[PDB]
file final-v2.pdb (PDB, C-alpha atoms and all ligand atoms)
ATOM      1  CA  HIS A   3      27.070 199.368  31.671  1.00  0.00           C
ATOM      2  CA  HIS A   4      24.841 200.429  34.567  1.00  0.00           C
ATOM      3  CA  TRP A   5      23.166 197.505  36.320  1.00  0.00           C
ATOM      4  CA  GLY A   6      19.444 196.753  36.522  1.00  0.00           C
ATOM      5  CA  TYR A   7      17.089 193.834  36.053  1.00  0.00           C
ATOM      6  CA  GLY A   8      16.550 193.743  32.297  1.00  0.00           C
ATOM      7  CA  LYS A   9      17.817 191.171  29.791  1.00  0.00           C
ATOM      8  CA  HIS A  10      20.979 193.073  29.033  1.00  0.00           C
ATOM      9  CA  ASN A  11      21.969 194.400  32.437  1.00  0.00           C
ATOM     10  CA  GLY A  12      20.356 191.951  34.849  1.00  0.00           C
ATOM     11  CA  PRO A  13      21.796 189.776  37.608  1.00  0.00           C
ATOM     12  CA  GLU A  14      23.699 187.508  35.156  1.00  0.00           C
ATOM     13  CA  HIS A  15      25.747 190.505  34.022  1.00  0.00           C
ATOM     14  CA  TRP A  16      26.628 192.046  37.362  1.00  0.00           C
ATOM     15  CA  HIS A  17      29.797 190.000  37.877  1.00  0.00           C
ATOM     16  CA  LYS A  18      31.506 191.930  35.076  1.00  0.00           C
ATOM     17  CA  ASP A  19      31.488 195.165  37.086  1.00  0.00           C
ATOM     18  CA  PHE A  20      31.215 193.497  40.521  1.00  0.00           C
ATOM     19  CA  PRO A  21      33.334 190.379  40.541  1.00  0.00           C
ATOM     20  CA  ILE A  22      32.232 189.619  44.127  1.00  0.00           C
ATOM     21  CA  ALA A  23      29.006 188.503  42.490  1.00  0.00           C
ATOM     22  CA  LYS A  24      30.599 185.080  42.191  1.00  0.00           C
ATOM     23  CA  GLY A  25      31.826 185.286  45.805  1.00  0.00           C
ATOM     24  CA  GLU A  26      31.763 182.822  48.663  1.00  0.00           C
ATOM     25  CA  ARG A  27      28.844 184.328  50.631  1.00  0.00           C
ATOM     26  CA  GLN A  28      26.425 185.788  48.083  1.00  0.00           C
ATOM     27  CA  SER A  29      22.706 186.323  48.691  1.00  0.00           C
ATOM     28  CA  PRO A  30      19.942 185.404  48.265  1.00  0.00           C
ATOM     29  CA  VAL A  31      19.854 181.640  48.684  1.00  0.00           C
ATOM     30  CA  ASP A  32      17.357 178.833  48.684  1.00  0.00           C
ATOM     31  CA  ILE A  33      16.414 177.808  52.210  1.00  0.00           C
ATOM     32  CA  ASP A  34      16.299 174.041  52.288  1.00  0.00           C
ATOM     33  CA  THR A  35      14.150 173.612  55.357  1.00  0.00           C
ATOM     34  CA  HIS A  36      15.068 169.991  55.992  1.00  0.00           C
ATOM     35  CA  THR A  37      18.810 170.753  55.966  1.00  0.00           C
ATOM     36  CA  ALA A  38      18.746 173.952  58.058  1.00  0.00           C
ATOM     37  CA  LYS A  39      19.966 173.032  61.570  1.00  0.00           C
ATOM     38  CA  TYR A  40      18.016 173.990  64.669  1.00  0.00           C
ATOM     39  CA  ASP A  41      20.365 176.016  66.883  1.00  0.00           C
ATOM     40  CA  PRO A  42      18.983 176.085  70.452  1.00  0.00           C
ATOM     41  CA  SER A  43      21.898 178.432  71.237  1.00  0.00           C
ATOM     42  CA  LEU A  44      20.103 181.087  69.196  1.00  0.00           C
ATOM     43  CA  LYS A  45      18.245 183.775  71.140  1.00  0.00           C
ATOM     44  CA  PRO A  46      14.936 185.332  70.336  1.00  0.00           C
ATOM     45  CA  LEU A  47      15.154 188.293  68.084  1.00  0.00           C
ATOM     46  CA  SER A  48      14.668 191.710  69.752  1.00  0.00           C
ATOM     47  CA  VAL A  49      12.917 194.141  67.442  1.00  0.00           C
ATOM     48  CA  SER A  50      12.522 197.489  69.197  1.00  0.00           C
ATOM     49  CA  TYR A  51      10.742 199.831  66.790  1.00  0.00           C
ATOM     50  CA  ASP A  52       8.641 201.809  69.259  1.00  0.00           C
ATOM     51  CA  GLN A  53      10.552 205.045  68.720  1.00  0.00           C
ATOM     52  CA  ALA A  54      11.078 204.617  64.989  1.00  0.00           C
ATOM     53  CA  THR A  55      11.230 207.851  63.008  1.00  0.00           C
ATOM     54  CA  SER A  56      10.444 207.399  59.357  1.00  0.00           C
ATOM     55  CA  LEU A  57      11.363 210.397  57.192  1.00  0.00           C
ATOM     56  CA  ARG A  58      11.035 209.883  53.490  1.00  0.00           C
ATOM     57  CA  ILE A  59      10.186 207.436  50.737  1.00  0.00           C
ATOM     58  CA  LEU A  60      12.390 207.368  47.653  1.00  0.00           C
ATOM     59  CA  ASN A  61      12.186 205.692  44.224  1.00  0.00           C
ATOM     60  CA  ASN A  62      15.865 204.936  43.585  1.00  0.00           C
ATOM     61  CA  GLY A  63      15.448 203.282  40.168  1.00  0.00           C
ATOM     62  CA  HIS A  64      15.564 199.718  41.528  1.00  0.00           C
ATOM     63  CA  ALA A  65      13.077 199.722  44.374  1.00  0.00           C
ATOM     64  CA  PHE A  66      11.491 202.234  46.750  1.00  0.00           C
ATOM     65  CA  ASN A  67      13.121 202.790  50.113  1.00  0.00           C
ATOM     66  CA  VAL A  68      11.322 204.002  53.246  1.00  0.00           C
ATOM     67  CA  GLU A  69      14.095 205.822  55.097  1.00  0.00           C
ATOM     68  CA  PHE A  70      14.455 206.302  58.847  1.00  0.00           C
ATOM     69  CA  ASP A  71      16.338 208.588  61.183  1.00  0.00           C
ATOM     70  CA  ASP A  72      19.345 206.478  62.126  1.00  0.00           C
ATOM     71  CA  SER A  73      21.283 209.211  63.928  1.00  0.00           C
ATOM     72  CA  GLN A  74      20.182 207.711  67.258  1.00  0.00           C
ATOM     73  CA  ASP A  75      19.197 204.264  68.573  1.00  0.00           C
ATOM     74  CA  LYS A  76      15.513 204.757  67.749  1.00  0.00           C
ATOM     75  CA  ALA A  77      14.666 201.621  65.814  1.00  0.00           C
ATOM     76  CA  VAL A  78      16.995 198.726  66.591  1.00  0.00           C
ATOM     77  CA  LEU A  79      17.513 195.051  66.098  1.00  0.00           C
ATOM     78  CA  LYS A  80      19.434 192.948  68.602  1.00  0.00           C
ATOM     79  CA  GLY A  81      19.473 189.387  69.798  1.00  0.00           C
ATOM     80  CA  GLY A  82      19.021 186.375  67.594  1.00  0.00           C
ATOM     81  CA  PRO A  83      22.394 185.638  65.990  1.00  0.00           C
ATOM     82  CA  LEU A  84      23.586 189.198  66.476  1.00  0.00           C
ATOM     83  CA  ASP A  85      26.301 190.661  68.659  1.00  0.00           C
ATOM     84  CA  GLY A  86      25.620 194.286  69.559  1.00  0.00           C
ATOM     85  CA  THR A  87      23.023 196.727  68.268  1.00  0.00           C
ATOM     86  CA  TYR A  88      21.910 197.404  64.709  1.00  0.00           C
ATOM     87  CA  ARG A  89      20.047 200.522  63.701  1.00  0.00           C
ATOM     88  CA  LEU A  90      17.282 200.560  61.136  1.00  0.00           C
ATOM     89  CA  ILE A  91      18.193 202.722  58.147  1.00  0.00           C
ATOM     90  CA  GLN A  92      15.596 201.812  55.485  1.00  0.00           C
ATOM     91  CA  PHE A  93      13.233 199.114  54.298  1.00  0.00           C
ATOM     92  CA  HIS A  94      12.326 198.156  50.753  1.00  0.00           C
ATOM     93  CA  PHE A  95      10.750 195.340  48.804  1.00  0.00           C
ATOM     94  CA  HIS A  96      11.511 193.030  45.915  1.00  0.00           C
ATOM     95  CA  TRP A  97       8.533 191.855  43.809  1.00  0.00           C
ATOM     96  CA  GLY A  98       7.492 190.125  40.643  1.00  0.00           C
ATOM     97  CA  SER A  99       5.525 190.773  37.497  1.00  0.00           C
ATOM     98  CA  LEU A 100       3.259 187.876  38.630  1.00  0.00           C
ATOM     99  CA  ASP A 101       2.237 186.509  42.016  1.00  0.00           C
ATOM    100  CA  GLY A 102       4.291 183.363  41.393  1.00  0.00           C
ATOM    101  CA  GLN A 103       7.621 185.137  41.604  1.00  0.00           C
ATOM    102  CA  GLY A 104       9.180 188.169  43.275  1.00  0.00           C
ATOM    103  CA  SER A 105      10.994 186.992  46.386  1.00  0.00           C
ATOM    104  CA  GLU A 106      14.772 186.728  46.479  1.00  0.00           C
ATOM    105  CA  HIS A 107      15.093 184.010  49.098  1.00  0.00           C
ATOM    106  CA  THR A 108      13.146 180.840  48.336  1.00  0.00           C
ATOM    107  CA  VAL A 109      11.973 178.160  50.788  1.00  0.00           C
ATOM    108  CA  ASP A 110      12.369 174.633  49.442  1.00  0.00           C
ATOM    109  CA  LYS A 111      12.436 176.352  46.034  1.00  0.00           C
ATOM    110  CA  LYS A 112       9.093 178.091  46.692  1.00  0.00           C
ATOM    111  CA  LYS A 113       9.031 181.701  45.444  1.00  0.00           C
ATOM    112  CA  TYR A 114       6.779 184.238  47.183  1.00  0.00           C
ATOM    113  CA  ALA A 115       5.126 187.234  45.520  1.00  0.00           C
ATOM    114  CA  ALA A 116       7.423 189.655  47.242  1.00  0.00           C
ATOM    115  CA  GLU A 117      10.040 190.036  49.977  1.00  0.00           C
ATOM    116  CA  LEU A 118      10.449 192.885  52.487  1.00  0.00           C
ATOM    117  CA  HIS A 119      13.976 193.826  53.613  1.00  0.00           C
ATOM    118  CA  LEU A 120      14.441 195.845  56.813  1.00  0.00           C
ATOM    119  CA  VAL A 121      18.062 196.979  56.646  1.00  0.00           C
ATOM    120  CA  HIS A 122      20.069 197.641  59.825  1.00  0.00           C
ATOM    121  CA  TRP A 123      23.702 198.607  60.428  1.00  0.00           C
ATOM    122  CA  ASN A 124      26.000 197.736  63.330  1.00  0.00           C
ATOM    123  CA  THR A 125      26.456 200.764  65.543  1.00  0.00           C
ATOM    124  CA  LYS A 127      29.951 199.761  66.413  1.00  0.00           C
ATOM    125  CA  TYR A 128      30.963 201.016  62.957  1.00  0.00           C
ATOM    126  CA  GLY A 129      29.400 204.465  63.348  1.00  0.00           C
ATOM    127  CA  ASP A 130      27.590 204.750  60.023  1.00  0.00           C
ATOM    128  CA  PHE A 131      26.231 202.704  57.127  1.00  0.00           C
ATOM    129  CA  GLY A 132      29.068 203.365  54.676  1.00  0.00           C
ATOM    130  CA  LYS A 133      31.653 202.039  57.123  1.00  0.00           C
ATOM    131  CA  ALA A 134      29.420 199.149  58.160  1.00  0.00           C
ATOM    132  CA  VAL A 135      29.071 197.702  54.658  1.00  0.00           C
ATOM    133  CA  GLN A 136      32.856 197.211  54.565  1.00  0.00           C
ATOM    134  CA  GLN A 137      32.715 194.811  57.522  1.00  0.00           C
ATOM    135  CA  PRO A 138      31.639 191.132  57.569  1.00  0.00           C
ATOM    136  CA  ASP A 139      29.237 191.818  60.496  1.00  0.00           C
ATOM    137  CA  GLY A 140      28.260 195.268  59.298  1.00  0.00           C
ATOM    138  CA  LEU A 141      24.578 194.781  58.440  1.00  0.00           C
ATOM    139  CA  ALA A 142      21.614 192.807  59.699  1.00  0.00           C
ATOM    140  CA  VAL A 143      18.788 192.439  57.231  1.00  0.00           C
ATOM    141  CA  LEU A 144      15.391 191.185  58.382  1.00  0.00           C
ATOM    142  CA  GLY A 145      13.688 189.419  55.429  1.00  0.00           C
ATOM    143  CA  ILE A 146       9.914 188.893  55.414  1.00  0.00           C
ATOM    144  CA  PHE A 147       8.027 187.053  52.696  1.00  0.00           C
ATOM    145  CA  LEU A 148       4.810 188.406  51.174  1.00  0.00           C
ATOM    146  CA  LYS A 149       2.096 186.119  49.897  1.00  0.00           C
ATOM    147  CA  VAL A 150      -1.087 187.299  48.173  1.00  0.00           C
ATOM    148  CA  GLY A 151      -4.369 186.906  50.103  1.00  0.00           C
ATOM    149  CA  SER A 152      -5.916 189.265  52.639  1.00  0.00           C
ATOM    150  CA  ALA A 153      -4.741 192.902  52.724  1.00  0.00           C
ATOM    151  CA  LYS A 154      -2.042 194.036  55.128  1.00  0.00           C
ATOM    152  CA  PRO A 155      -3.582 197.075  56.838  1.00  0.00           C
ATOM    153  CA  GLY A 156      -0.183 198.363  57.945  1.00  0.00           C
ATOM    154  CA  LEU A 157       1.067 198.408  54.347  1.00  0.00           C
ATOM    155  CA  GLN A 158      -1.639 200.625  52.921  1.00  0.00           C
ATOM    156  CA  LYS A 159       0.007 203.909  53.888  1.00  0.00           C
ATOM    157  CA  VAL A 160       2.981 202.823  51.778  1.00  0.00           C
ATOM    158  CA  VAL A 161       0.890 201.735  48.831  1.00  0.00           C
ATOM    159  CA  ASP A 162      -1.007 204.988  48.786  1.00  0.00           C
ATOM    160  CA  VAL A 163       2.068 207.244  48.363  1.00  0.00           C
ATOM    161  CA  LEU A 164       3.598 205.283  45.470  1.00  0.00           C
ATOM    162  CA  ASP A 165       1.858 207.242  42.809  1.00  0.00           C
ATOM    163  CA  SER A 166       3.747 210.298  44.095  1.00  0.00           C
ATOM    164  CA  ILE A 167       7.118 208.616  43.487  1.00  0.00           C
ATOM    165  CA  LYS A 168       6.359 206.847  40.263  1.00  0.00           C
ATOM    166  CA  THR A 169       9.717 207.446  38.585  1.00  0.00           C
ATOM    167  CA  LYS A 170      13.423 207.187  39.436  1.00  0.00           C
ATOM    168  CA  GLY A 171      14.734 209.999  41.672  1.00  0.00           C
ATOM    169  CA  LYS A 172      11.371 211.036  43.087  1.00  0.00           C
ATOM    170  CA  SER A 173      10.935 211.250  46.838  1.00  0.00           C
ATOM    171  CA  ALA A 174       8.184 212.250  49.203  1.00  0.00           C
ATOM    172  CA  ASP A 175       7.889 213.059  52.874  1.00  0.00           C
ATOM    173  CA  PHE A 176       6.936 209.888  54.769  1.00  0.00           C
ATOM    174  CA  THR A 177       6.777 210.546  58.474  1.00  0.00           C
ATOM    175  CA  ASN A 178       5.134 208.709  61.368  1.00  0.00           C
ATOM    176  CA  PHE A 179       5.112 205.362  59.544  1.00  0.00           C
ATOM    177  CA  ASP A 180       5.228 202.423  62.022  1.00  0.00           C
ATOM    178  CA  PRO A 181       7.165 199.437  60.600  1.00  0.00           C
ATOM    179  CA  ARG A 182       5.800 197.171  63.341  1.00  0.00           C
ATOM    180  CA  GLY A 183       2.667 196.996  61.189  1.00  0.00           C
ATOM    181  CA  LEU A 184       4.623 194.961  58.600  1.00  0.00           C
ATOM    182  CA  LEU A 185       5.726 192.138  60.959  1.00  0.00           C
ATOM    183  CA  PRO A 186       4.107 188.688  61.120  1.00  0.00           C
ATOM    184  CA  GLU A 187       2.950 187.263  64.464  1.00  0.00           C
ATOM    185  CA  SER A 188       5.871 184.886  64.885  1.00  0.00           C
ATOM    186  CA  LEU A 189       9.534 185.901  64.920  1.00  0.00           C
ATOM    187  CA  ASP A 190      10.838 182.350  64.203  1.00  0.00           C
ATOM    188  CA  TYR A 191      13.655 182.699  61.696  1.00  0.00           C
ATOM    189  CA  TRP A 192      16.448 181.202  59.656  1.00  0.00           C
ATOM    190  CA  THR A 193      19.865 182.914  59.626  1.00  0.00           C
ATOM    191  CA  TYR A 194      23.005 182.670  57.503  1.00  0.00           C
ATOM    192  CA  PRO A 195      25.922 184.954  56.528  1.00  0.00           C
ATOM    193  CA  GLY A 196      25.590 186.591  53.123  1.00  0.00           C
ATOM    194  CA  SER A 197      25.569 189.745  51.086  1.00  0.00           C
ATOM    195  CA  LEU A 198      23.688 192.723  49.726  1.00  0.00           C
ATOM    196  CA  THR A 199      21.553 191.459  46.877  1.00  0.00           C
ATOM    197  CA  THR A 200      22.168 194.526  44.685  1.00  0.00           C
ATOM    198  CA  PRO A 201      25.495 195.941  43.516  1.00  0.00           C
ATOM    199  CA  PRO A 202      27.945 196.446  45.068  1.00  0.00           C
ATOM    200  CA  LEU A 203      26.980 193.003  46.468  1.00  0.00           C
ATOM    201  CA  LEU A 204      29.210 193.465  49.504  1.00  0.00           C
ATOM    202  CA  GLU A 205      29.522 190.462  51.831  1.00  0.00           C
ATOM    203  CA  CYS A 206      28.518 192.294  54.980  1.00  0.00           C
ATOM    204  CA  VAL A 207      25.075 190.954  55.910  1.00  0.00           C
ATOM    205  CA  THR A 208      23.792 188.699  58.629  1.00  0.00           C
ATOM    206  CA  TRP A 209      20.516 187.552  57.085  1.00  0.00           C
ATOM    207  CA  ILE A 210      17.562 186.871  59.356  1.00  0.00           C
ATOM    208  CA  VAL A 211      14.667 185.492  57.313  1.00  0.00           C
ATOM    209  CA  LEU A 212      11.306 185.078  59.024  1.00  0.00           C
ATOM    210  CA  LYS A 213       9.519 181.745  58.588  1.00  0.00           C
ATOM    211  CA  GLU A 214       6.030 183.212  58.725  1.00  0.00           C
ATOM    212  CA  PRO A 215       4.989 185.290  55.682  1.00  0.00           C
ATOM    213  CA  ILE A 216       2.700 188.281  55.825  1.00  0.00           C
ATOM    214  CA  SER A 217      -0.270 188.414  53.495  1.00  0.00           C
ATOM    215  CA  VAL A 218      -0.970 191.393  51.269  1.00  0.00           C
ATOM    216  CA  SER A 219      -3.817 191.818  48.812  1.00  0.00           C
ATOM    217  CA  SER A 220      -3.607 191.588  45.048  1.00  0.00           C
ATOM    218  CA  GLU A 221      -4.544 195.261  44.902  1.00  0.00           C
ATOM    219  CA  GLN A 222      -1.670 196.177  47.154  1.00  0.00           C
ATOM    220  CA  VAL A 223       0.918 194.302  45.097  1.00  0.00           C
ATOM    221  CA  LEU A 224      -0.619 195.574  41.884  1.00  0.00           C
ATOM    222  CA  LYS A 225       0.236 199.104  42.982  1.00  0.00           C
ATOM    223  CA  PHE A 226       3.875 198.124  43.478  1.00  0.00           C
ATOM    224  CA  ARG A 227       3.877 197.042  39.858  1.00  0.00           C
ATOM    225  CA  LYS A 228       2.777 200.446  38.610  1.00  0.00           C
ATOM    226  CA  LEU A 229       6.037 202.013  39.667  1.00  0.00           C
ATOM    227  CA  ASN A 230       8.687 202.707  37.068  1.00  0.00           C
ATOM    228  CA  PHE A 231      12.418 201.939  36.796  1.00  0.00           C
ATOM    229  CA  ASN A 232      12.875 204.921  34.517  1.00  0.00           C
ATOM    230  CA  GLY A 233      13.092 208.598  35.221  1.00  0.00           C
ATOM    231  CA  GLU A 234      10.222 211.014  34.411  1.00  0.00           C
ATOM    232  CA  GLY A 235       9.923 211.729  30.687  1.00  0.00           C
ATOM    233  CA  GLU A 236      11.770 208.555  29.724  1.00  0.00           C
ATOM    234  CA  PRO A 237      10.233 205.475  28.103  1.00  0.00           C
ATOM    235  CA  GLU A 238       8.133 203.605  30.650  1.00  0.00           C
ATOM    236  CA  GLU A 239       9.615 200.475  32.112  1.00  0.00           C
ATOM    237  CA  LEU A 240       7.437 198.979  34.850  1.00  0.00           C
ATOM    238  CA  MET A 241       9.290 198.296  38.101  1.00  0.00           C
ATOM    239  CA  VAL A 242       8.730 194.584  38.282  1.00  0.00           C
ATOM    240  CA  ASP A 243      10.940 191.533  38.791  1.00  0.00           C
ATOM    241  CA  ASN A 244      13.524 193.496  40.743  1.00  0.00           C
ATOM    242  CA  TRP A 245      14.779 190.339  42.476  1.00  0.00           C
ATOM    243  CA  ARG A 246      18.106 188.584  42.210  1.00  0.00           C
ATOM    244  CA  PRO A 247      17.685 184.776  42.008  1.00  0.00           C
ATOM    245  CA  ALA A 248      19.169 182.319  44.495  1.00  0.00           C
ATOM    246  CA  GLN A 249      22.991 181.991  44.557  1.00  0.00           C
ATOM    247  CA  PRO A 250      25.141 178.989  45.484  1.00  0.00           C
ATOM    248  CA  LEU A 251      25.178 178.281  49.233  1.00  0.00           C
ATOM    249  CA  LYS A 252      28.805 177.163  49.020  1.00  0.00           C
ATOM    250  CA  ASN A 253      30.457 176.701  52.394  1.00  0.00           C
ATOM    251  CA  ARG A 254      27.553 177.944  54.505  1.00  0.00           C
ATOM    252  CA  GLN A 255      25.081 176.472  56.965  1.00  0.00           C
ATOM    253  CA  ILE A 256      21.625 177.958  57.472  1.00  0.00           C
ATOM    254  CA  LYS A 257      20.542 177.825  61.083  1.00  0.00           C
ATOM    255  CA  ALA A 258      16.938 177.785  62.365  1.00  0.00           C
ATOM    256  CA  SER A 259      15.748 179.411  65.589  1.00  0.00           C
ATOM    257  CA  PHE A 260      12.891 176.902  65.898  1.00  0.00           C
ATOM    258  CA  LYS A 261      12.199 173.162  65.635  1.00  0.00           C
TER     259      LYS A 261
HETATM  260 CO    CO B 301      16.706 193.973  49.325  1.00  0.00          CO
END
call {"tool": "encode", "arguments": {"input": "final-v2.pdb", "output": "structure tokens"}}
result
Amino acid sequence: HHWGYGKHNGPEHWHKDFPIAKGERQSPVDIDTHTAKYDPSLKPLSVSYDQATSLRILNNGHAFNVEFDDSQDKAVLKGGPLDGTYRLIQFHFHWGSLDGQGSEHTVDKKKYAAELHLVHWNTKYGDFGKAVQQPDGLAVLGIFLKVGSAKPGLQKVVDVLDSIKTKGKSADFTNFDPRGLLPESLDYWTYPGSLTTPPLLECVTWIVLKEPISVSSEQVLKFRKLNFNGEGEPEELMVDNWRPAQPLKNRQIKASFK
């Protein structure tokens, strides 16, 4: 049946409809920091979000996506391990029922409270649906969230969530600046992997930032009041929407820093 994160349709079941789930380059993974190799051949990341145009925020039943206008090169990622230009299409988060879990990537087996994914697609493939069919189709910027001080730039997101509580609800969400979600440092780890939700396609260059951002308990608590279900269905809190770490297999994680 339809996939989700419960006991009967969670990540351990996905391989039955999506056999690539047991593939050779599945995400997320544990980042073993001692084994990642510094690659001095790696460039600095180029995040150019000055002209970003957010449009809408949507509860899609798994997460909430903040969507952007990607019909022009307004918000792009380049540099780092990437060839070419990748356009921002949406960002979303993965989070836990408790502060001790929620991220998808782990760092020396450490789990963070949440993980932000800024999803970008390679403009050489013309649109997102074509890009996910290519091994270099997507570039996803992963940022860990730890609980501590509030993230001022997150509050506009937190405050609209009660308007999209249930699956299928959307709201206008313009003039949101995703630069306010970035940590100070852009040091990163990178490896080839996959989408972390079905269809689990192996099309992603992952770029995971070393430095987490901090958010407050109140901010993450508001994530946890969302619902997986549709309006007028039994309430299932949207929590623990993370896939756990998958086998690294024949892959090397590279680090941009020493
Ligand atoms: Co994600």
call {"tool": "atom_distance", "arguments": {"input": "final-v2.pdb", "atom1": "CA of residue 209 in chain A", "atom2": "CA of residue 14 in chain A"}}
result
22.2 Å
call {"tool": "resolve_selection", "arguments": {"input": "final-v2.pdb", "expression": "the PyMOL selection byres (((chain A and resi 221-228) around 9) and not hetatm)", "output": "compact mmCIF listing (two decimals) with C-alpha atoms, keeping the file's coordinate frame"}}
result
# COMPACT_ATOMS: atom_id res chain seq x y z
CA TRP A 97 8.53 191.86 43.81
CA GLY A 98 7.49 190.12 40.64
CA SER A 99 5.52 190.77 37.50
CA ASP A 101 2.24 186.51 42.02
CA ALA A 115 5.13 187.23 45.52
CA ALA A 116 7.42 189.66 47.24
CA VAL A 150 -1.09 187.30 48.17
CA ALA A 153 -4.74 192.90 52.72
CA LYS A 154 -2.04 194.04 55.13
CA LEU A 157 1.07 198.41 54.35
CA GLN A 158 -1.64 200.62 52.92
CA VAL A 161 0.89 201.74 48.83
CA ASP A 162 -1.01 204.99 48.79
CA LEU A 164 3.60 205.28 45.47
CA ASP A 165 1.86 207.24 42.81
CA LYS A 168 6.36 206.85 40.26
CA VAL A 218 -0.97 191.39 51.27
CA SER A 219 -3.82 191.82 48.81
CA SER A 220 -3.61 191.59 45.05
CA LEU A 229 6.04 202.01 39.67
CA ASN A 230 8.69 202.71 37.07
CA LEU A 240 7.44 198.98 34.85
CA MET A 241 9.29 198.30 38.10
CA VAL A 242 8.73 194.58 38.28
call {"tool": "atom_distance", "arguments": {"input": "final-v2.pdb", "atom1": "CA of residue 187 in chain A", "atom2": "CA of residue 248 in chain A"}}
result
26.2 Å
call {"tool": "residues_near_ligand", "arguments": {"input": "final-v2.pdb", "ligand": "ligand CO 301 (chain B)", "cutoff": "10 Å", "atoms": "only C-alpha atoms and all ligand atoms", "output": "list in words"}}
result
residues 29, 30, 64, 65, 67, 93, 94, 95, 96, 105, 106, 117, 118, 119, 120, 121, 143, 144, 145, 197, 198, 199, 200, 244, 245 and 246 of chain A
call {"tool": "closest_residue", "arguments": {"input": "final-v2.pdb", "among": "A:177, A:252, A:259, A:232", "to": "residue 24 in chain A", "atoms": "only C-alpha atoms"}}
result
A:252
call {"tool": "resolve_selection", "arguments": {"input": "final-v2.pdb", "expression": "the PyMOL selection byres (((chain A and resi 233) around 6) and not hetatm)", "output": "list in words"}}
result
residues 169, 170, 232, 234 and 236 of chain A
call {"tool": "resolve_selection", "arguments": {"input": "final-v2.pdb", "expression": "the PyMOL selection byres (((chain A and resi 125-142) around 6) and not hetatm)", "output": "VMD selection string"}}
result
chain A and resid 87 to 88 122 to 124 143 206 to 209
call {"tool": "residues_near_point", "arguments": {"input": "final-v2.pdb", "point": "(12.6, 210.1, 49.6)", "cutoff": "8 Å", "atoms": "all atoms listed in the file", "output": "list in words"}}
result
residues 57, 58, 59, 60, 61, 67, 68, 69, 172, 173, 174, 175 and 176 of chain A
call {"tool": "axis_aligned_box", "arguments": {"input": "final-v2.pdb", "around": "range 207-218 of chain A", "padding_each_side": "5 Å", "output": "lines of an AutoDock Vina configuration file"}}
result
center_x = 12.1
center_y = 186.6
center_z = 55.3
size_x = 36.0
size_y = 19.6
size_z = 18.1
call {"tool": "atom_distance", "arguments": {"input": "final-v2.pdb", "atom1": "CA of residue 28 in chain A", "atom2": "CA of residue 249 in chain A"}}
result
6.2 Å
call {"tool": "closest_residue", "arguments": {"input": "final-v2.pdb", "among": "A:11, A:48, A:188, A:53", "to": "residue 81 in chain A", "atoms": "only C-alpha atoms"}}
result
A:48
call {"tool": "closest_residue", "arguments": {"input": "final-v2.pdb", "among": "A:152, A:56, A:62, A:37", "to": "residue 77 in chain A", "atoms": "all atoms listed in the file"}}
result
A:56
call {"tool": "closest_residue", "arguments": {"input": "final-v2.pdb", "among": "A:18, A:258, A:178, A:45", "to": "residue 160 in chain A", "atoms": "all atoms listed in the file"}}
result
A:178
call {"tool": "residues_around", "arguments": {"input": "final-v2.pdb", "residues": "range 31-36 of chain A", "least_positions_apart": "4", "cutoff": "9 Å", "atoms": "all atoms listed in the file", "output": "list in words"}}
result
residues 106, 107, 108, 109, 110, 111, 112, 192, 196, 247, 248, 249, 250, 251, 256 and 258 of chain A
call {"tool": "closest_residue", "arguments": {"input": "final-v2.pdb", "among": "A:253, A:43, A:92, A:217", "to": "residue 156 in chain A", "atoms": "all atoms listed in the file"}}
result
A:217
call {"tool": "build_atoms", "arguments": {"input": "final-v2.pdb", "residues": "range 21-30 of chain A", "atoms": "N, CA and C atoms", "output": "PDB file, keeping the file's coordinate frame"}}
result
ATOM      1  N   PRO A  21      32.901 191.771  40.561  1.00  0.00           N
ATOM      2  CA  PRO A  21      33.334 190.379  40.541  1.00  0.00           C
ATOM      3  C   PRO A  21      32.933 189.624  41.804  1.00  0.00           C
ATOM      4  N   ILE A  22      32.680 190.321  42.910  1.00  0.00           N
ATOM      5  CA  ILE A  22      32.232 189.619  44.127  1.00  0.00           C
ATOM      6  C   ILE A  22      30.907 188.909  43.910  1.00  0.00           C
ATOM      7  N   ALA A  23      30.252 189.195  42.784  1.00  0.00           N
ATOM      8  CA  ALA A  23      29.006 188.503  42.490  1.00  0.00           C
ATOM      9  C   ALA A  23      29.164 186.992  42.454  1.00  0.00           C
ATOM     10  N   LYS A  24      30.375 186.528  42.167  1.00  0.00           N
ATOM     11  CA  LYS A  24      30.599 185.080  42.191  1.00  0.00           C
ATOM     12  C   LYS A  24      31.369 184.727  43.455  1.00  0.00           C
ATOM     13  N   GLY A  25      31.183 185.464  44.523  1.00  0.00           N
ATOM     14  CA  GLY A  25      31.826 185.286  45.805  1.00  0.00           C
ATOM     15  C   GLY A  25      31.405 184.094  46.621  1.00  0.00           C
ATOM     16  N   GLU A  26      31.997 183.982  47.809  1.00  0.00           N
ATOM     17  CA  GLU A  26      31.763 182.822  48.663  1.00  0.00           C
ATOM     18  C   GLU A  26      30.557 182.996  49.581  1.00  0.00           C
ATOM     19  N   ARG A  27      29.978 184.183  49.690  1.00  0.00           N
ATOM     20  CA  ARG A  27      28.844 184.328  50.631  1.00  0.00           C
ATOM     21  C   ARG A  27      27.821 185.285  50.020  1.00  0.00           C
ATOM     22  N   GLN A  28      27.387 184.965  48.809  1.00  0.00           N
ATOM     23  CA  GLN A  28      26.425 185.788  48.083  1.00  0.00           C
ATOM     24  C   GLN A  28      24.990 185.422  48.453  1.00  0.00           C
ATOM     25  N   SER A  29      24.129 186.415  48.385  1.00  0.00           N
ATOM     26  CA  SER A  29      22.706 186.323  48.691  1.00  0.00           C
ATOM     27  C   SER A  29      21.895 186.734  47.479  1.00  0.00           C
ATOM     28  N   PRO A  30      20.638 186.290  47.355  1.00  0.00           N
ATOM     29  CA  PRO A  30      19.942 185.404  48.265  1.00  0.00           C
ATOM     30  C   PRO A  30      20.306 183.941  48.037  1.00  0.00           C
TER      31      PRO A  30
END
